[PDB]
Amino acid sequence: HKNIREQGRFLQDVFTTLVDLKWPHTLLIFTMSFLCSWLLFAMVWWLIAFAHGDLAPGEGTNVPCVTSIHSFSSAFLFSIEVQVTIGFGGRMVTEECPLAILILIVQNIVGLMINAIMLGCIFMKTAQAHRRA
Amino acid sequence: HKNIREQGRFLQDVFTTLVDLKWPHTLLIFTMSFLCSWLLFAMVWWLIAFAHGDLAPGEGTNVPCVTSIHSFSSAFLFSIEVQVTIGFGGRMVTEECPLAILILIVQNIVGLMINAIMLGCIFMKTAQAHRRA
Amino acid sequence: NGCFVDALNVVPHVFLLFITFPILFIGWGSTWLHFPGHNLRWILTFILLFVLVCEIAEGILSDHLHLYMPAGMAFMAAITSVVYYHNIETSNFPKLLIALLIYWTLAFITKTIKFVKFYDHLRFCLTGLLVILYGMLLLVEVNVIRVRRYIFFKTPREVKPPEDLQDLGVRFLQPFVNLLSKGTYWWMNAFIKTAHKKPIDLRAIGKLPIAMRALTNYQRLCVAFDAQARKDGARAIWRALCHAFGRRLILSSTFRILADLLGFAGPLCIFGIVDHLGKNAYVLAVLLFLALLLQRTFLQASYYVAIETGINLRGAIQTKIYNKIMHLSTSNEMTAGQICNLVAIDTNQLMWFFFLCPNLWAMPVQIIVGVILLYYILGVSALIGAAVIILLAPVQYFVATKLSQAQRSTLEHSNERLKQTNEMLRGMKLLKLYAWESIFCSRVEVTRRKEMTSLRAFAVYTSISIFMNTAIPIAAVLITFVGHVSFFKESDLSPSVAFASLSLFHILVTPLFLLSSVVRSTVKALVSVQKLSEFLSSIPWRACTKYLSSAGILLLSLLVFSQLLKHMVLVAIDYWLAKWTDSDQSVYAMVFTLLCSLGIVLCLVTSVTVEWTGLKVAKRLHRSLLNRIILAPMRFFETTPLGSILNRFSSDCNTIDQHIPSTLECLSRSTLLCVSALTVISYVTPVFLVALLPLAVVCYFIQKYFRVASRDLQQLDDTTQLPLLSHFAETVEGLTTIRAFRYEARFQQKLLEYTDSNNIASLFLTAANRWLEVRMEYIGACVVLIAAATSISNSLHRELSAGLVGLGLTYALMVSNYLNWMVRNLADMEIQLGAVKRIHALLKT
Ligand SMILES: COc1ccc(Cl)cc1C(=O)NCCc1ccc(S(=O)(=O)NC(=O)NC2CCCCC2)cc1
């Protein structure tokens, strides 16, 4: 085909576009979705623990919003611990800071929504029966 | 049928092949998928804790990459604890070793992908309505 | 809380880099829509790239990862903004734009917080520049939403992508691509790759856009001529052309002057680096890399815009003088020949003068900046040197004029010879029926000796030109350095001063030659426009092996070894200057003088050798061709058409004599200079050698794909030139019949068709030349980047030797131009050798 007046419907079919793709591309874009979201929230958590000052190592006169947080690495470990719902519990989010409550209550719902779509679309894929063609 | 020039399309229909199977075979191959992946990552974790030297029981001058790991058994318990997303948290992966972070960040995504396919295909199966035939 | 604000800045780049990856991966797993501010957006994005490089420099100077991460993140954020805008230009959306707008607003907020917290207490200027750029990009996005209806009520009233450059099959899409590719000619990758496999033709070629046709340029020119004649000549037609071609020419000229400025700027940062290490240098190295690439890119865009304006002008005035050919009277043979010369030489003169127009504006500023810069580096002595080089420019012109005179004389003789041939190749049976052929061959050889006699003086002038070309660079350094230290003030000449002077000497020698040709072209174009106004208002190695074996073993080695020795002297003089620098100064200067004398003597010897050898080869080849054609059977002469047999002698001989010696000399000088420069930059830094062999192999792949197309397009040009001119002549003779039949419309249609078919070819050819130029130049800048990056560390931290970096930097700043000379002269030599091969094809009859 030549000279297609693309009005954008090619991407407007957002998931009916990528459910057409091969397996390596679809697996790549799924891992990239997951890693993108995880890194986003790990950054925001690192920042919030830095900003509260709980990141500054100090004994007493405070309780960290997230108990036992030290560096970026442990923060990314907390992000993957709460996002993908393993819940290790070595670092505890506490009832002292409601801002952390908000970040958790949006983290989890976005996690659940993107998990729901990334399951429905892979299943809609496994009904590729062109192989039977 | 006799003398089928198999060019491999019989297996190239990877999941549209096994969604045809009976229930005992499909349940067998699903438990074998899950146990295969779990044992693979339990072995690699046992090895990484051995290699860091955190496996050598010693008090001080170190912190294990995974707190409270002693033997292969507890390592396989850690593998099933993080893979299938129960997250017991008795053994804690720590922010001292980024190699353990990498093994976790691939463990979880492969776990999620194989969980997604092993749900989509069983559902694509429960639309077997030949019984209605 | 400095680290806190650094992190707050890192966040939005991360947000954008994370949203870009799904869409970019879907898009990575033919209608171009452009938006207002596109070119402004790309310009601002390149300015962002520059400021981000500066921020990385600051972060290196300070070091604390979290303190310089913001620059490294904005870098990927701007590149991903470019990727987004490419994905939107390819397919339009209202949402991706808002996705950019969010990021712009958040980055502006973070930069504002940084600025406030700094005000309460180098960083200041960079942060301010970033603020201004992000704000202007925000305003661009606001303009874009204001244009269409993304946030507005439902409908856009969207443009309906431009059919001029995107409708029905067309291939030359210059005006309709991304403003980065408008500079780097990336759209030619597909054409040249397809051209490698399938032979190009007019069916495989595109059709000219509506922006440049016979009709468009004729319309603009006639509108200007109308607006100028309604207010009522040579000056009139001139001003009409000027006002008609307007903005494009001055745009090219200003591109050109900015490039000239940055080119004069390069050697000064070289000087600064050389100073710093002997007593803040990595920054200067990366700045040198950036400035080289930008200067050369702007130079090339300037060339192309000028060439396109010239092609427009040629098409316009051609169809105009054809429109005039319809209304002329019958009372006005000689006029037909004058008309067809008015299209074959006068119009080409006009168009090539329009090529060289911006060079005439950019040359004076170049020589002025050069002289003022070299004065402040070498002092009063510099002035003396600045005279010598300049003195070569008028002399050159004089030399050129002599050439022309000689040419005229030679041409005369040549013409007569052709006459004395046309008889023999027609009375063939008559001639051989009584064997009077040798009697006429004696006369033909008598003419040939006179022709040979003229050629000696012509080649002597060519030799003098080539000799001065490389003699003045040596003489400048000789009479400047000997006249600076051991004459005036005994000032300690740091390596930086000498090597910066060397660089500036080459950067000033390159433009000087062009001024002479520019003056000649300008006066000739003035005469041709006066004339127009008076009228309008009434190949394997075997071909070269045989070519050089016709010379004999006597002169082959005498040429090759002399060239090798001249280049060895030209490198050894600088090698000894390197040891001269650090400080027996008098003995040093005397050795420098000895080397300078050896260089010029050897250059004169080589030039005379090339001249003598070329003349002898032409003689022997012509005599052998004549003798072998004499002894042919009659049926052979009857079988072969006369055009091919006559044509070889008419052109092949002429072409070879006129162009093979000069082009061969230029190719040899270019290839040996390139090899010498590579060896220099290798000896300076050993490890750099191992890094340069990869890149050079890249050039191999760039070679093949070029030639297999550059040849092809070339011949196509020739073909579209042949029926055009002939057509003109047909209209002139049978003019009464054509004005009687009232067939003027169809013939004008045919001539517009022919001039379009000519322009598409002459346009794709310049596009391909620009492509090869820009890519070879990008690699020639990569090599100097890597060379400087290795030299600053290896030759300072460990080796601690300062005389090295000078030679390496000075040769790597210029290796690219020698590379380009090499490749272009190679293409020309190949087409000329392919022309020669048919002479040997005729020799075996
Ligand atoms: C030799 O360079 C220069 C170096 C420095 C300066 Cl300050 C100016 C020039 C220069 O040349 N002045 C600009 C005008 C100009 C003319 C020819 C060329 S060109 O490259 O030789 N030729 C082509 O591009 N296309 C040809 C054009 C004729 C029809 C067939 C295709 C490039 C540019």
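Values computed for the structure shown
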item: Filter pass, residue C:641 being more than 16 Å from the ligand (Cβ to nearest atom), touching a helix residue (DSSP H, G or I) at 6+ places or on another chain (Cβ under 6 Å) and of a type outside the set (A, V, I, L, M, F, W, C); result: no
item: Single condition residue B:71 does not satisfy, out of (1) more than 9 Å from chain A (Cβ to nearest Cβ); (2) within 27 Å of residue B:23 (Cα to Cα); (3) of a type in the set (S, T, N, Q); result: (2)
item: Subset of region C:293-340 (residues that are within 18 Å of residue C:215 (Cβ to Cβ) and surrounded by fewer than 16 Cβ atoms within 10 Å (Cβ to Cβ)); result: C:323, C:324, C:326
item: Condition met for residue C:109 (crowded, with 17+ Cβ neighbours inside 10 Å and assigned to a helix (DSSP H, G or I)); result: no
item: Of all residues in region A:64-103 being part of a loop (DSSP other than H, G, I, E, B) and of a type in the set (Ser, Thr, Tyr), the one that is nearest to the chain's Cα centre (by Cα); result: A:85
item: Enumeration of residues in region C:454-487 that are of a type in the set (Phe, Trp, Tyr) and either outside any helix (DSSP H, G or I) or within 22 Å of residue C:370 (Cα to Cα) (or both); result: C:481
item: Residues of region C:249-278 that turn out to be closer than 14 Å to residue C:504 by Cα and within 16 Å of the ligand (Cβ to nearest atom), as a count; result: 6
item: Of residues in region C:279-306 being β-branched (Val, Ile, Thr) and within 16 Å of the ligand (Cβ to nearest atom), the one farthest from residue C:355 (Cα to Cα); result: C:297
item: Condition check for residue C:322: more than 14 Å from chain A (Cβ to nearest Cβ), of a type in the set (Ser, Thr, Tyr), more than 16 Å from the ligand (Cβ to nearest atom) and over 30 Å from residue C:766 (Cβ atoms); result: no
item: Matching residues in region C:503-513 - criterion: being of a type outside the set (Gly, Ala, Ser) and either more than 9 Å from the ligand (Cβ to nearest atom) or buried (at least 18 other Cβ atoms within 10 Å of the Cβ) (or both); result: C:504, C:505, C:506, C:507, C:508, C:509, C:511, C:512
item: Which listed residue is under 30 Å from residue C:533 (Cβ atoms) and in contact with an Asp or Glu (Cβ under 7 Å, 6 or more places away or on another chain), from C:326, C:351, C:363; result: C:326
item: Top-ranked residue of region C:736-760 - restricted to ones that are charged (D, E, K, R) and in a helix (DSSP H, G or I), ranked as farthest from residue C:203 (Cα to Cα); result: C:739
item: Within region C:791-833, tally of residues that are of a type in the set (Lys, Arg) and buried (at least 18 other Cβ atoms within 10 Å of the Cβ); result: 1
item: Residue B:104 touching a helix residue (DSSP H, G or I) at 6+ places or on another chain (Cβ under 8 Å), under 30 Å from residue A:83 (Cα atoms) and either loosely packed, with under 14 Cβ neighbours inside 10 Å or of a type in the set (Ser, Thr, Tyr) (or both); result: no
item: Residue match in region C:765-778 (condition: more than 14 Å from chain A (Cβ to nearest Cβ) and more than 14 Å from the ligand (Cβ to nearest atom)); result: yes
item: Failed item in (1) surrounded by fewer than 18 Cβ atoms within 10 Å (Cβ to Cβ); (2) within 14 Å of chain A (Cβ to nearest Cβ), with residue C:17 passing the rest; result: (1)
item: Qualifying residues in region A:14-29 (those that are within 10 Å of chain C (Cβ to nearest Cβ) and surrounded by 18 or more Cβ atoms within 10 Å (Cβ to Cβ)) - the one nearest to residue C:18 (Cα to Cα); result: A:29
item: Hits in region C:87-104 - residues which are closer than 25 Å to residue C:10 by Cβ and out of contact with any helix residue (DSSP H, G or I) (no Cβ under 7 Å at 6 or more places or on another chain); result: C:98, C:102
item: Residue B:125 being farther than 20 Å from residue A:89 by Cα, within 14 Å of chain A (Cβ to nearest Cβ) and of a type in the set (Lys, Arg); result: yes
item: Residue match in region C:35-58 (condition: exposed (fewer than 15 other Cβ atoms within 10 Å of the Cβ), more than 39 Å from the chain's Cα centre (by Cα), away from chain A (no Cβ under 14 Å) and not in a helix (DSSP H, G or I)); result: no
item: Flag if residue C:691 is closer than 30 Å to residue C:835 by Cβ, more than 16 Å from the ligand (Cβ to nearest atom) and surrounded by fewer than 18 Cβ atoms within 10 Å (Cβ to Cβ); result: no
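Backbone-built Cβ (ideal geometry, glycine too); neighbour counts: all protein chains shown. Only the coordinates and a few stated rules stand behind these numbers; no lab work does.
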